[PDB]
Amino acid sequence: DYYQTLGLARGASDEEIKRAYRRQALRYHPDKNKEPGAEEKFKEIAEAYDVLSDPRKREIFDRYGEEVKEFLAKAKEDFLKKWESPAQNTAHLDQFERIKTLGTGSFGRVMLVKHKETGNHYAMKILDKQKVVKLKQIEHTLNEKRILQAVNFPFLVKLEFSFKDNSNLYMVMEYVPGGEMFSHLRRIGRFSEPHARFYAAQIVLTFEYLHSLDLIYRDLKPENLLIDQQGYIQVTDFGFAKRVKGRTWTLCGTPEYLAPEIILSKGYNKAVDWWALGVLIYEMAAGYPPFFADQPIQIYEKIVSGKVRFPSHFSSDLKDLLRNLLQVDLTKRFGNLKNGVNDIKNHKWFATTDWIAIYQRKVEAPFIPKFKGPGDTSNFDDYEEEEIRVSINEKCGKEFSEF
């Protein structure tokens, strides 16, 4: 990326390209730098000035950025339409055959189910209204439904249907048969750097999409990333997602993945998602999270402590990227600077990353889960199968009237 090479802004003046070219070429001119790599950097700087100073060459190099901007502007128009008029009551419980449980939580459970007409398989998230009111998660579960129905991105699980009855709220999502990234990661031990990087790039792209909508995800962790049949991530579990234009304050999420400013009483923004990306890349490459302890407050002390220990098998580029994502100071954290996500996409650790190809899913997955049909749930763990009770009376009607 030529602007990064020259230390420049896309909207740079012709003059500012000329001086940045003189400024950067000096720091690598053989007369002043015979260190390893000085000569290739000197070539790259000359290349950058040549593209950026020629108006025709610059106009078409600028198309990469302009296509991203156009893609995001359209994604926003589409999102805002569904955001303003959300889908409600687009199916009914009796339309589905409940198979088995695929996962659980404080709120309820996700069940493998099959549509009785079309035979299609889905994952139905069941939430008990009373429990949700009890755990004061009303707005959170309204955020989740309204956000998941309105977004559309290759690495976000699709909400297919939603509805409620007297007792429960229901979210019927696309079924992802490959299982959680958590199981595979714990089983394999750790991913190799190019393996972690393949997943990380998909997350970077998804956060770029989500933050352009002013959405904060707030629960990045391997438990929440599903592997599809071509080995690509599907993000599920939007129970802490929120639309936030300015700042927000809630202490929620998973202790291991919380940014300092979530734990601290001050408010925070979308930058907490980039901190959690740092935690995720660390856990993926190391096999364990960088802040674990028995008590949450012990985890909180390590998080705000500003100190991180890296395994020996961590490359220099990985540690340098992780130092910038796991940056306690908000004004220094990657993702949160003037250049935003581009600082992350232009980082050396990602140098081999073909972003367009990732987005198109043209890249070969380094892991494809062992499949045996559209219902071989062996990539998921087994859970106790409780039965689904629907009361004769509507519980919490008012609290959930917009669901």
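So that there is no doubt, residue numbering starts at 1 and follows the sequence shown. In this text, rigid core is short for the largest set of C-alphas that superpose within 1.5 Å between two forms.
Between stretches 305-313 and 91-99, greater average Cα displacement in 8 other deposited structures of this protein relative to the shown form, fitted by the core, falls on 91-99.
Root mean square Cα distance to the shown form, taken over structures and residues in 8 other deposited structures of this protein after a core fit, is higher for 164-172 when 143-151 and 164-172 are compared. For the pair 236-244 and 105-113, the mean B factor over Cα atoms is greater in 105-113. Look at the C-alpha B-factors of 217-225 and of 128-136. On average they run higher in 128-136.
Considering 58, 41, 347, 69 together, the PDB entry gives 41 the largest C-alpha B factor.
Remark: of 201, 148, 99, 285, 99 shows the highest value [criterion: C-alpha B-factor in the PDB entry]. Residue 84: CA B factor lies in the middle third for its chain, per the PDB record. In this PDB entry, the Cα temperature factor of residue 270 sits in the bottom third of its chain's modelled residues, the lowest group. Sorting the modelled residues of the chain by their CA temperature factor places residue 192 in the middle third. Ranked against the other modelled residues of its chain, the C-alpha B-factor of residue 351 as given in the entry falls in the lowest third.
Per-chain ranking of the deposited C-alpha B factor places residue 78 in the lowest third.
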